[PDB]
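Listed next as structure tokens: two forms of one protein chain, kept apart as structure 1 and structure 2.
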Structure 1
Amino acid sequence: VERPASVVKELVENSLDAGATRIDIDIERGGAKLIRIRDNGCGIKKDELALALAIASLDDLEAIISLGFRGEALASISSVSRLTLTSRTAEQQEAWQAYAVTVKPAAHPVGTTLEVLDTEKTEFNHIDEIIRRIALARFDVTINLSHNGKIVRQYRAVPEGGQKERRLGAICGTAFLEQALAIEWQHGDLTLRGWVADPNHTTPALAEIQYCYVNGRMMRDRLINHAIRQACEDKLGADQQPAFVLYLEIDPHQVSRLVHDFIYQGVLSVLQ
């Protein structure tokens, strides 16, 4: 939890794993001043809220801190800024809020919110990137990133088999969206979905977009990249960075040659 962006990632991640479907994250002054994350995911029972900010004390708590993987992370954060946790769970309950050590009731929908008041705008650009990644990683969750009351981006969630182009356009701009060649490949466990910009029309600006996710986790393999490259260099002798946003899926296999051919094949096909 070094940079603010990193913190955004954390809190935002927590929210997602918490079952979030809408994450409205607002930032003020590179996040240094304010950093608020409000999710509609699971909540935190009043009790957990307390220690969530704060080992002899867990003796009594009787392993309730086990219901807080993020809680552990919160402690690391709160000990670096004015943390103001405030959530309310789903089951028969009222909303609560913690400060600092002071857990009192409050108003809040079945969700969670967090205020944070700890190379100025650079920081925001880092957060923007981060959220971009996540956004593409989870097309099923609305995300709204704002700065100093100024709405910056609104990545609406996409329902079942819906308009993927819209959100893709909002995350990567129409520039890419226009050159986007949608691809759907599948060979048993191997699945390759996503887009690849028409090489012939790929500007170095577009080549900035190179996102590849392997089973949800954004990876970065030189092998996967070479495959996509070679595919384009083969369509046309044009050897240069390609623009893409692909999603690879395979059966648990931490890294295989075939995989390369599967991708090379998938992509190459879409081009022709």
Structure 2
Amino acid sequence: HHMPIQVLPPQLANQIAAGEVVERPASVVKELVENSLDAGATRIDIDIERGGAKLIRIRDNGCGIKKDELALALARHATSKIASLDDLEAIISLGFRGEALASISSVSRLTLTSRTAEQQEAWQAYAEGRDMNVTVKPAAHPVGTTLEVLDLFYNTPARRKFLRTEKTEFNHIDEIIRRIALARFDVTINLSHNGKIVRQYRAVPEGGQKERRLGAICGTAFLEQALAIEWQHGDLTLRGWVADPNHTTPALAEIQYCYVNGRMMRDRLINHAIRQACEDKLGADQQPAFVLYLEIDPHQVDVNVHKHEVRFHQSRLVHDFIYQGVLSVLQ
């Protein structure tokens, strides 16, 4: 009670928010790449420097951001993805909170450059000062967008001390891209570190062969033991690959990716049902290797938990669904 209840200034408020949204360089990559995806990009190019502690540049060939909305994109609680509660309950995009860019900009030197198809001119924007005032100025850029994040945590020292080695931080970034690339086979994703190419996942044309990308992302080892899955029942449909439990090594066990309507996730309900389907067919219980995609009525699952967490309205039903699907294929 000694200090009055007082509104937190823009920058400070965003930095506090950044504490949750910006865990490490990998977090920034995730947020930006997901924005490119929402913007309908077909190709995303990612350049990293020193594990991302020095630089993170992500360019996409998405639809871009209109000049008069650049500042809004750097603003808090402002989005183009939902306008009401209905939109949220049945969301189509990955984003909707309208907080990511604002948060990131408050704890780094973030530059937003973009041009829409209707604009002849490209523009660049960035916020500054305790009030996060935005400067918009001329720039050069093709249809699409480029986010440039420099000196992450430069103005938040307590956090900068927690940054691990360049090697460790880049690895988390590599892992993040790995999870996103598996979610969208139709999107070309290139990742580079310190001026050198680390990877590039070619987009798979309509109906093209996926085994190619799967192997490129997860490795040939997984690709060989990969058992495809096709299991449906109304709104519930399970797809993907499950490695033969009998031929699953701990190295392959590193591949445990699950998705709910394209949204990457790590839910215990699912990991359990799978390990159950394997333990029940196989002899011993162990860490299975898989890449599964669950399609379900968006109204039967909560995506606003805070991101890899989700909540299923019919917990039991879903769990048994996945269990059967995997169990079935394992036999």
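Structure 1's sequence is the ruler for residue numbers, which start at 1. Between two forms, the rigid core is defined as the largest C-alpha subset superposing within 1.5 Å.
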Of 156, 187, 108, 193, the residue whose C-alpha shifts by 2 Å or more between structures 1 and 2, after superposition on the rigid core, is 108
- Message: Rigid core superposed, CA of residue 166 - does it shift 2 Å or more between structures 1 and 2?
- Response: no
Discussion item. Aligned on the rigid core, do the two forms place the Cα of residue 242 2 Å or more apart, comparing between structures 1 and 2?
Written reply: no
- Honestly, after the rigid core fit, is residue 203 moving at least 2 Å at Cα between structures 1 and 2? no
Expressed in angstrom, the C-alpha movement of residue 36 between structures 1 and 2 on a rigid core superposition is 2.5
Core-superposed C-alpha displacement of residue 64 between structures 1 and 2, in angstrom, equals 22.9
With the core held fixed, residue 264 moves its Cα between structures 1 and 2 by a number of Å equal to 0.9
